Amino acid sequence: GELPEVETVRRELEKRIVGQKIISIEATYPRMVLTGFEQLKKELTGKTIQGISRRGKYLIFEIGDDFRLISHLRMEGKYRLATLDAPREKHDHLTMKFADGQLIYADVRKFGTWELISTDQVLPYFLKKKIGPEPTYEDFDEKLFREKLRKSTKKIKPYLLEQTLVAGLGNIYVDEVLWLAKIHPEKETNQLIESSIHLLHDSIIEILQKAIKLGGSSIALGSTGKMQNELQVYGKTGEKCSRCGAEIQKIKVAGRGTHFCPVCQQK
């Protein structure tokens, strides 16, 4: 669940639940509500959903007039809109019941989280998380990006995954971005020349923007994406690179599975 997948979920939710009054909230796994489930149930029951926003890989439900429910899907979180009589599935943990349907949150690994905070605490919340800029030409400044890369000895893939240089990249799109920009994942950032940094900056924006347009990569809301048919290296071990023909290899970098073309991504 990287930025593209989260944005796809945000869009579907925006089109379907905005304006809906929450009738009741139930939980079989209350511990995933970091701010306290009973407190959330008390505060949100009877309130109306005003909108759905996103920051990085974080979903933000705008409920009532001053409430903000921050939701992170982590690795396996999935939302689905179902009928009120829908049977329970093994990994369903929370449900927001409406008059003519319910929003169910499921997460096999139980990594996902819910946090209820106030409207004026959202900006501070993300500053504390140290989340970087959104991947858009408007917010992602190439100049600062370049300066941070020049001052570090960190490897490019692990650094990009930190969410500090830019928000939204996960294992899938970081591998796709580096292949597009012809940069090896273990390259120390202070070794990147200006032309490469420029290509990388543009590629981060292009790949993520393309993934959003195609509804993310599907493998519930959002399982309609088509980006998985556009992947050039992630999970393509042993296949031929679409540019040079060499076999895509898979190695481990900072503990993460890493796919790359040994020819196009030198070093």
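We number the residues from 1 along the sequence you see.
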Coordinates absent for residue 238 in a third or more of other entries: no
Entries skipping residue 208: at least a third of other ones: no
Residue 219 to residue 220: deposited residues without atomic coordinates: 4 to 9
Segment of higher mean CA temperature factor, 105-113 or 88-96: 88-96
Selected stretch [higher average CA B-factor]: 221-229 or 206-214: 221-229
Identity of residue with top Cα B-factor, from 240, 57, 201, 31: 240
Criterion, highest CA B-factor; candidates, 144, 160, 193, 178: 193
Chain-wide C-alpha B factor ranking for residue 61, given as lowest, middle or highest third: lowest
Ranked C-alpha temperature factor of residue 251 among modelled chain residues, by third: highest
Ranked against its chain, the third holding the CA B-factor of residue 120: highest
B-factor third for the C-alpha atom of residue 134 within its chain: lowest
Third of the chain, ranked by Cα B-factor, where residue 259 sits: middle
